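Worksheet: the structure to be examined is printed underneath.
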Amino acid sequence: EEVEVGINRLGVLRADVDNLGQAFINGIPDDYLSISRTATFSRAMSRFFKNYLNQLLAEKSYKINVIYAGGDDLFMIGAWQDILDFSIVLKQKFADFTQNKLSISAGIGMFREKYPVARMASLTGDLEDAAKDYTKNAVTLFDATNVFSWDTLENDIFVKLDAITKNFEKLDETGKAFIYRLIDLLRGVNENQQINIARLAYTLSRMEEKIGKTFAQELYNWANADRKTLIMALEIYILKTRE
RNA sequence: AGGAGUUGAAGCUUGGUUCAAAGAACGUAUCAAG
């Protein structure tokens, strides 16, 4: 109820450190090998997760309830806006703490307000298992069909989302019916590949004078080069801007 | 004293202009949370 910007959903993060097993067992090489170094390694990992997770969630008023944390396990239920905006924060702070050599995978799920927590946790655990099945670092946005690498998600999806949010704000009457027709074409293009690309070019030059001279050609470029990213960018755009 | 021979011929048969715009994109109830 404090959120008054997006869709009334509850977003769920489950994360775990991948490849933690052989790194914890035999990670430090045999030449410069110490026992207290391993003690600092594991004690610093648990230390990081506990105190930096509480401080990173305290410094900005994130509407996130942490259930439990740890290296092996992480489970947080909150508003989906803060969960999505905090997953990149947690990934980058883990990369800074571990000097970006311990990988991390995660799974973001999104559920309605009154949903059972047991089925919630099982579904999001399934999502993050599908993320770690890719066998590298990745994340699933809301579904097992949308698996993205962390740099891919962060860079591609968030620059496309920020560009879309800059462009459709200054437009006075374009959204959101144009965006729904655009998503209809960009998900029909998976099966009927040619005619939806033709309809896409037709609509973009149709609304060249309306949505912008350069944004329409940018959408036409993005919808051929890195397509599947832009569908998720538009979907989370509407999920953010729904009143 | 009137007879014949032409009863229409050629040209254009539509030209250009916007060719679905804005809205809603599931809401609730058990499930859950408290």
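A note on labels: chains of the structure tokens are A, B, ... as shown, every chain counts residues from 1, and ligands are counted from 1 in their shown order.
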Can you list, as a PDB file with C-alpha atoms, in the first residue's frame, all residues belonging to stretch 97-126 of chain A that DSSP tags as alpha helix (DSSP H)?
ATOM      1  CA  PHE A  97      33.523  -7.619  -1.991  1.00  0.00           C
ATOM      2  CA  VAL A 117       4.664 -18.337   0.936  1.00  0.00           C
ATOM      3  CA  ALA A 118       5.347 -22.087   0.618  1.00  0.00           C
ATOM      4  CA  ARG A 119       4.346 -22.248  -3.050  1.00  0.00           C
ATOM      5  CA  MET A 120       6.074 -18.860  -3.488  1.00  0.00           C
ATOM      6  CA  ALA A 121       9.389 -20.183  -2.183  1.00  0.00           C
ATOM      7  CA  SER A 122       9.141 -23.414  -4.169  1.00  0.00           C
ATOM      8  CA  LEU A 123       8.391 -21.561  -7.418  1.00  0.00           C
ATOM      9  CA  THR A 124      11.210 -19.059  -6.963  1.00  0.00           C
ATOM     10  CA  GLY A 125      13.594 -21.866  -6.021  1.00  0.00           C
ATOM     11  CA  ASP A 126      12.614 -23.542  -9.291  1.00  0.00           C
TER      12      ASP A 126
END
Handout entry: Long-range neighbours of residue A:158 as a list in words, 12 Å cut-off, only C-alpha atoms (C1' of nucleotides), 6 positions minimum in chain
Key =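 Close residues of residue A:158: residues 84, 85, 88, 150, 151, 152, 164, 165, 229, 230, 232, 233, 234, 236 and 237 of chain A.
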Problem - Point-to-point distance from atom CA of residue A:99 to atom CA of residue A:23, Å rounded to tenths - result: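 So the two atoms, atom CA of residue A:99 and atom CA of residue A:23, lie 14.2 Å apart.
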Contacts of chain A with chain B up to 8 Å, shortest pair per row, only C-alpha atoms (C1' of nucleotides), as a tab-separated table:
residue	atom	partner	partner_atom	distance
A:114	CA	B:32	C1'	5.3
A:115	CA	B:32	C1'	4.8
A:116	CA	B:32	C1'	4.0
A:117	CA	B:32	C1'	6.4
A:173	CA	B:22	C1'	7.7
A:177	CA	B:22	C1'	8.0
Write the residues of the selection above to a file with N, CA, C and O atoms, as a PDB file, in the first residue's frame.
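selection-v7.pdb was written with the following content:
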ATOM      1  N   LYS A 114      -1.844 -11.519  -2.040  1.00  0.00           N
ATOM      2  CA  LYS A 114      -2.225 -12.582  -1.127  1.00  0.00           C
ATOM      3  C   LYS A 114      -1.867 -13.892  -1.808  1.00  0.00           C
ATOM      4  O   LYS A 114      -2.680 -14.467  -2.530  1.00  0.00           O
ATOM      5  N   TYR A 115      -0.638 -14.354  -1.601  1.00  0.00           N
ATOM      6  CA  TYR A 115      -0.225 -15.604  -2.195  1.00  0.00           C
ATOM      7  C   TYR A 115       0.495 -16.403  -1.121  1.00  0.00           C
ATOM      8  O   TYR A 115       1.141 -15.803  -0.250  1.00  0.00           O
ATOM      9  N   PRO A 116       0.365 -17.729  -1.118  1.00  0.00           N
ATOM     10  CA  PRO A 116       1.021 -18.526  -0.081  1.00  0.00           C
ATOM     11  C   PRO A 116       2.531 -18.536  -0.230  1.00  0.00           C
ATOM     12  O   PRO A 116       3.066 -18.651  -1.331  1.00  0.00           O
ATOM     13  N   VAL A 117       3.211 -18.432   0.908  1.00  0.00           N
ATOM     14  CA  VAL A 117       4.664 -18.337   0.936  1.00  0.00           C
ATOM     15  C   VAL A 117       5.347 -19.660   0.594  1.00  0.00           C
ATOM     16  O   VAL A 117       6.451 -19.655   0.041  1.00  0.00           O
ATOM     17  N   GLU A 173       0.752  11.952 -26.010  1.00  0.00           N
ATOM     18  CA  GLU A 173      -0.198  10.851 -26.226  1.00  0.00           C
ATOM     19  C   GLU A 173       0.430   9.775 -27.136  1.00  0.00           C
ATOM     20  O   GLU A 173       0.251   9.704 -28.353  1.00  0.00           O
ATOM     21  N   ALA A 177      -0.871   2.093 -25.568  1.00  0.00           N
ATOM     22  CA  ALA A 177      -1.458   1.218 -26.579  1.00  0.00           C
ATOM     23  C   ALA A 177      -0.458   0.892 -27.678  1.00  0.00           C
ATOM     24  O   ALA A 177      -0.444  -0.232 -28.205  1.00  0.00           O
TER      25      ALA A 177
END
Practice task
Find the distance between atom CA of residue A:98 and atom CA of residue A:41 and write it in Å to one decimal.
Solution key: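 These atoms are spaced 9.6 Å apart.
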Practice task
For stretch 49-61 of chain A, please output as a PyMOL selection string all residues within 9 Å (counting only C-alpha atoms (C1' of nucleotides); exclusion window: fewer than 3 positions along the same chain).
Solution key: chain A and resi 44-46+64+66+69-71+86+89-90+93-94
Emit the selected residues as a CSV table (one decimal), in the first residue's frame, including C-alpha atoms.
chain,number,residue,atom,x,y,z
A,44,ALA,CA,34.3,-13.0,5.7
A,45,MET,CA,31.7,-14.6,3.4
A,46,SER,CA,29.3,-15.2,6.2
A,64,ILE,CA,12.0,-5.9,1.5
A,66,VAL,CA,14.5,-10.8,4.5
A,69,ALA,CA,20.4,-15.1,4.5
A,70,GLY,CA,23.7,-17.0,4.0
A,71,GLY,CA,26.1,-18.1,1.3
A,86,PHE,CA,18.1,-4.4,-5.3
A,89,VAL,CA,22.8,-3.7,-6.1
A,90,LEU,CA,23.4,-7.0,-4.3
A,93,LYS,CA,28.3,-5.3,-4.0
A,94,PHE,CA,29.1,-9.0,-4.0
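Atom CA of residue A:224 is found 18.3 Å from atom CA of residue A:206.
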Exercise for the section: Run DSSP on the backbone of this structure and report the residues of stretch 76-226 of chain A it assigns to strand (DSSP E or B), as a list in words. Expected result: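 Residues of stretch 76-226 of chain A classed as strand (DSSP E or B): residues 76, 77, 78, 79, 105, 106, 107, 108, 109, 110, 111, 112, 139, 140, 141, 147 and 148 of chain A.
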Handout entry: For residue A:112, the nearest of the candidates B:3, B:28, B:17, B:10, counting only C-alpha atoms (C1' of nucleotides)
Key =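 Smallest separation from residue A:112 among the options: B:28.
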Exercise for the section: With a distance cut-off of 8 Å and only C-alpha atoms (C1' of nucleotides), select the neighbouring residues of residue A:67, excluding the residue or stretch itself and same-chain residues fewer than 5 positions from it, and output the selection as a list in words. Expected result: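 Here the answer would be residues 74, 75, 76 and 77 of chain A.
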Write to file, as a short mmCIF file (atom, residue, chain, number, x, y, z; two decimals), in the first residue's frame, the residues of the selection just made, with C-alpha atoms.
data_model
loop_
_atom_site.label_atom_id
_atom_site.label_comp_id
_atom_site.auth_asym_id
_atom_site.auth_seq_id
_atom_site.Cartn_x
_atom_site.Cartn_y
_atom_site.Cartn_z
CA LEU A 74 18.92 -16.33 0.38
CA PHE A 75 15.20 -15.60 0.46
CA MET A 76 13.60 -12.15 0.40
CA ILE A 77 9.97 -11.16 -0.14
#
